[PDB]
Structure formats: structure tokens, C-alpha cells
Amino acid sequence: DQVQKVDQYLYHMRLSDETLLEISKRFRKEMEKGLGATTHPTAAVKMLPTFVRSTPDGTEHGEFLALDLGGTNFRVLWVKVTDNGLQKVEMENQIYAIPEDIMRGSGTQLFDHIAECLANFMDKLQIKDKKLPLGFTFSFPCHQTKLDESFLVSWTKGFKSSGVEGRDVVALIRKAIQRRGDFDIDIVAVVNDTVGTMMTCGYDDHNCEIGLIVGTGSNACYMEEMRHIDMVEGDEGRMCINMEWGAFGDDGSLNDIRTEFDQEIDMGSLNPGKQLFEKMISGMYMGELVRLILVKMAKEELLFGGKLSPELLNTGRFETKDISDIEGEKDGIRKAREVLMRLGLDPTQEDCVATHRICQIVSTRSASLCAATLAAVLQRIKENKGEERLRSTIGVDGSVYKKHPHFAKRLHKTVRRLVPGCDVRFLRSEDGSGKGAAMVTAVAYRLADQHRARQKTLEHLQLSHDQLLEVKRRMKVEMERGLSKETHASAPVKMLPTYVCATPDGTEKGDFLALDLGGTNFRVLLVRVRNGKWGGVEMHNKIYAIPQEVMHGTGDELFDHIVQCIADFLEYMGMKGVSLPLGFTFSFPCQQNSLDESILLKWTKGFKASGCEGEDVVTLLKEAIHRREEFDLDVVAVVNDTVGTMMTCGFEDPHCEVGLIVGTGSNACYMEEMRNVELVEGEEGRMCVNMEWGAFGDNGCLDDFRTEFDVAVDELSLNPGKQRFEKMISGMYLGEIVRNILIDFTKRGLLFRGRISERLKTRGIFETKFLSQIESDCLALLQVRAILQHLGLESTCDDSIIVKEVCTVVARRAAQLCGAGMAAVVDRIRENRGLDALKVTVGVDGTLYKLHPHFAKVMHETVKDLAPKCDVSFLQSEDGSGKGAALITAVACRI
């Protein structure tokens, strides 16, 4: 009953969950004030970059050194880290003392002392001939510009040493070590005690993204995304922030929470108006905060018969330790009586249950405020990872939480209410920031080892100028043997004659039909040509689908259906009754004997239509046109789609002798001298050749460039060992190469935390449109993370950087090999004519050339560098697939 009198007296120190969640919202604004460039100089929560770029993943290994300077004594530590799967850290340390002589003395004397102790420790500890990282955690206020550079703002706890404040403490420890000359030190890291706590816990639990200390002081750190950290340059990846939240409220943002006892401790402190959040929650001030509630209640005659004692009025005489005791004993109000008597009072039972209760109120308020600001931190980690349910572990240290009986549990229960959208685990750190500082340099080496590891794989996909010139000539060599009559049949690149013998001039006019047929949906095309200067080409299409009934039926039914569509189209343009010549794009394997004769070899892509294979496709087509009555169309020619792409850029540019398509497929064509084409009789004139160059390398001629990933794609394709040059440069394949690289890294622990999604094992997930967005993303790489979340993969910042890099390397090699092939073509076009300076144009189509951000560029420079004499322009075509078929006809019609 004295209880509810107490609670009604202390009502403003019992905080509703509502108040806590409004404190979280305030703290989140304070976090954003510190992270932002313009608001940070006046921000009370300093949000200091720590330069730690990663938590531990567990595979760290090595030997490391550490210093902990807390003052009047420091420790020198040695941490053995073994990757055996146990994650069991081996430690040794020693304390040594800095006496007032050195302490109040000069800076360089102070560090010469420290450098000596370190060497005395390495001497005792065996290791002094080893060059090891350090390892540096000291808590005095600092301005930290680098992992290895931190400036002393001021001293604390009795350090007067001159020449230190405003001077880099790493330069001081390093210069001292040079002066001794007996040992040497590797990379240094300067790490705050919370960051140390996070790091050491994260070596056991790799979900630990928050360090926490409720000590005599209180502070917390978390992992944070570089896009939100204005004070450090770059938006990629994440970095740990030292929040310094003890200073929360220094500008008065908590003054409606803070009671008068809170006011009075601030005035009685060493640092008035500083660290007000600490002074509410933490160990130094917590028992003192009970002292004042006792003093004032007794001055009001609600306790002790209005009577005081000289000890009750001395600051510090009622201690945090006295709270832990009173709340911890079975009989708490006897241990209360005992503590009160020690202070010179004669308590009653009601005086003791009152003192007991005030203790719970103060200690519960401390654990609740922590929850509040832990709630804001948890909340932001949630929004950054961007999923609804969160697993995150908090490493925790400090004497309040470890040694006070109920506070850890209260914190656990309160945090978990305040954030129901989280599964949160707490893990206490024992050996403290001695381990932690060391572990920061272990992770620093791990990141390096892994970076070099995965950059050593990506070198196999990086080709030299000399490697490309080799494949350039392996292209020519294997072009020649396709033209000559002997070797054509053994030849992977068949160099098939197109029977397209003449390119445009300004003369052509009139309307032409075009039929682009492959796969289940064709298009019918009307193409109108305007001759003369200016003018150009005008196109109308319509798309039709071949019913599933029709392609599992007879072959004549297939082409009647096709002809109904042609008849529907030109009646849709309003031409019904008009007869026109027709160009024809048929993409199936075909031996083409004439320009208007081509024999279907084998059906593909799900056409079962009978009576077709082994037949000339144009006869089938016009035998189907004959049938329709009254319907007459002249079928002039049939073409490979590359040939069309080139002829399409023949009308823009007089000089275009070369088609190219880097598509879902890849192929290329030039006009070769009739001299050199040995399967067609006669030497007079020139002839366009359909290279079918995606087959470059199916004899093995590329097999020394082919990485295991190229072979992984090759072996699980529908056409194993066929079309290899295609599978390096285009289409479905590059995503698959990327995917197999990623799988490789992840098996090696180099990506995705070692863990392969079943969703990562799914073929085809990386589509060329996604590689295009990936490689065109920059800065924070939020577009890569989105895509990765879209495909069901881990979206973390660090994994984006790699995925982006793997993509860029795969796509570069693709353009580069594509230039080296296109360079062979333009050089032999020179060598056929004995010419040297040669100006050429390449019409180009296909999905990846137009839409990939860097690909068109990279290939341009590749053929400039590999074919120095040729001057090569590339003109984009746009649907030379079907439109080129009509335009091959208009030139054919000119004869």
C-alpha cells in the first residue's frame, strides 16, 4: 500500500508503452539529424562513422594484437583466431599501469611507455618477430577520420599529457614503435567499445548488427547503409555508426520526460547539460537518482519521520550496487533496511518497502528507455533491409545489464513488445572490447582475402589485347576454311551463300510485303519505299499467332493459315485485291540453293507440321497462295535475318556491307567477292555470306579461352557443344554465365553468406533486361538490390556490389569477343580488295546491342583497337528482321 503511494508520487517515471514509442520516433529524428550533412554539426546525437565496413562471417583467421586504454591502467591483448568451425577465440593479456610521472608528462613519453609495454608483452608472449595488426580501443572523446586515424578531443580521468589533444593517436603509437626499432606493426583499427562489443558477439552470431553497452555509461552502435551516411563519401555498402546516444536530449528534446531529480543530477555532475540520456539510464547515476528521491520525500515527511542523516545528504553514498542488492534478495526489504541504516537512518517497514519500490521504478525506467531507443534502431535496420519480418541479434555488455538481477530481462521483454515485427536475440559479451578491436582487423583481412579470391576468378573473363588479336585471327582462319569447297563440310562456320548479290542505290520505290516467320507468332509487313534524296521507309505490320492445332497438323494447313493472315492484313490496310511482291524471313535451319529456293532441313521450336521437312519453303508458300483464288503474290526471295538487318541499313548509308545481330542469338554477314565463294560457280562480282558465326568454336578452337562457367552453360544447354561463340556473346546465355559464377562464389563462401537459395539454382532467372539495369545502376545501387529482391535472392548491400561486378565483367567479355569477331570481318574485306584505308558501315540489330548500357560502346572501341586501318561506323537498324525482307525484294525487283 505504501507501493501505490510511491507510484503516484513517481508517476512520471513510470512510462507507458505509448511514451516509449514516441521516444523512439524522437530518437529516429535525432539519428537522421546526425547522419545528415547540414544538420550534423549541431546534432546532439553525433552518429559518428566508425569505418568498420562489415561484421564477422565466422571464417576469419589469424593472430592479432589489441590495446585497451581506460586510464591509470591499460591492457595489451593477443587474439588467436582459427577457422576450424568452432569459432572459439584464444586470448592472452596483461594489465600494466601508467604512473602519474608518465601520465602528467609529455605525449611522446606516454606512447614510448605504451610501445614498450607492447614489446614487453610480445617478448613474454613469444611473438615479437611477427608483424601483426592492432587492435586499438581507447575511450576518450575523439574525432575519427579513418579506421587508422583518430584525433584526441580532450582527456578524462586524470591524463594531462601535452602534445596529444588535437593530434592523431595512431601517428603517436606508430612513431613510438618506429623509434624502438625492435618490432613492427601491421594495419591499425581504432574502435569504440560498443563497436568492439558488436564485433565480438557477431563472431559467434552472424546476425548481430547492434552493439550495446549499459555500463557506468551507455552507448550503442549499429550497422548502417552508406547511402544514408552523408559524412563519408560513397553510397555503396554499409558501415557501423557509433551513435553516442548518451548525449540524447542534450538540446532539450527529452526535457518533458526528465523529472526534477533528473534536473538535479545534471546540476550536481562534472559535465552539466551533457550526456543527459546516460544520466537517466546508466550505472554511474542510477543509485544517485534514488538518493534524491529519498532526500526529497523525507524533506516532505513522507519518509523517515521527516528526519535525515548526514550520509543520506552526501552524493554517491547510495549506490547502483545497493539497487542490485535490494531487488535481488529473497527478502528485499531487509536488505533495504540494512542499506538505509548504513546511511544513518532508523527505518520502519513502510520506509523499507518504499525504498525497495523506488529502486524498481528507477531501474525499470532505465531498461525501458533503452528499449525505446533500441526500438528506433531496430526499426531502421528493418526499413533498410526492406522485409516485414526481421531476425537481428544485439550484443550487450556493461555492469548494469550483467549484474543487475532483473534489468536484462525487463529490456528483453520491453523491446519485444515495442517491435512485434522483429525476432530479436540478445547475446552478452564477456571478454569485452579487447577481443572486439582485434576482430575488426581480422574482418579487415577477410574482406581483402575474399576480394582478391573472387577477383582472381574474374580475371579468366578479362582478356588482353593480345588474347583478342588471337581470337581475331582464329576468326579469319575459320572463315577461309568455310568458303573453300574442301573444308566447308567439316567447318563449324558454314559461310553459307545468301544469293543476295546487289546492294541499294537511290532508285528503289514501291510497296512490298514481308513475311517474318519463326516461332508460333509471325508478322505480316507492308513496307512502302520513297526513292530519291530524303524519302525513306515506312512500315505497317500486324502480328498473328499460329494455333496450337495447326502446327501439330499437316504442312499445307500451316501455309494456308499463313496466307489467310496475309489476306487479312492487306484487307486491313485496305488493299484487298492488290497483288504485290513478297519478301520472306524464315528462321529455321535451311540449305538455301537459290535466292528463292530454300529447303527446310529440320523443324524446330515446336512445329510438328508434316509434309514439310525436305521441301522448298517458297514452293509450299506459293502453292498455298495459288490455292486461295483470287489471290496472287510474287514470292521473290527468302532471307536470313542478319542479311535483312544489313540491307535495311543499306538504304540509310550507301557504304554498308555488313550486317550484325547480337540478340537472343548472334550472327553476322558481309558481301564477299564472288572470287572467294567456292560453292557457287563463277568468280565475277560480289556475294553476301551468312556466316552463322555463333558456331565459331564448335571444333574446339576457342576451348582454351573457355572458363568452367562457359562449359557449365554449354553442357546444360539444349544444344550441347553446338553454337559456342554465341553462348559467350549473347542471349539467354550471359545471365546463365553470371548465375554460375554467383553459384561458384557462394559455394566458396565468397557471396551470399555461403548459402545457396533453391531460387538461385533455378535456370534462366537472370534475363538480359535485368543485366542491363544492373550494369546501368550506380551510387547506392538501389536498383540492383530491388532486382535481386524481385528474383527471390538475398538483397544485401555487400552482395549487390559483387553481383554488379560479376555482371559487368561477363558483359564486357561479350562485347569484346564480339568486336574481335567483327574486326576479322572488316579486315578481310580490306584484304579481299588489297585496299588499306577502308571506310565501312555495319547495320546492327538485336536486343542486347540497343538496350545494354555499355555494350555498343565497348564493342566500338574493340574494333577500333583491333582493326586500326578500317574506319567502322555502326548504324542501328530496328527490325531488319522482317522489314529487311521486303527491302531485299525491292532491290531484287530492280533487276
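The first residue of the sequence shown is number 1, and the count goes up from there.
Checked against the record, the higher mean CA B factor of 575-583 and 734-742 lies with 575-583. When 610-618 is weighed against 422-430, 610-618 comes out higher, by mean CA B-factor as recorded in the entry. Set against one another, the Cα B-factors of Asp777, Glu224, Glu387, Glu116 in the record reach their highest point at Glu387. Highest CA B-factor among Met479, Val195, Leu760, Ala408, as stated in the entry: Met479. Ranked against the other modelled residues of its chain, the C-alpha B-factor of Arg724 as given in the entry falls in the middle third.
In the PDB entry, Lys321 places in the middle third of its chain by CA B-factor. Among the modelled residues of the chain, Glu683 sits in the highest third by CA temperature factor in this PDB entry. Per the deposited record, the Cα B-factor of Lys747 falls in the lowest third when ranked against the other modelled residues of its chain. Sort the modelled residues of the chain by CA B factor and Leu125 lands in the highest third.
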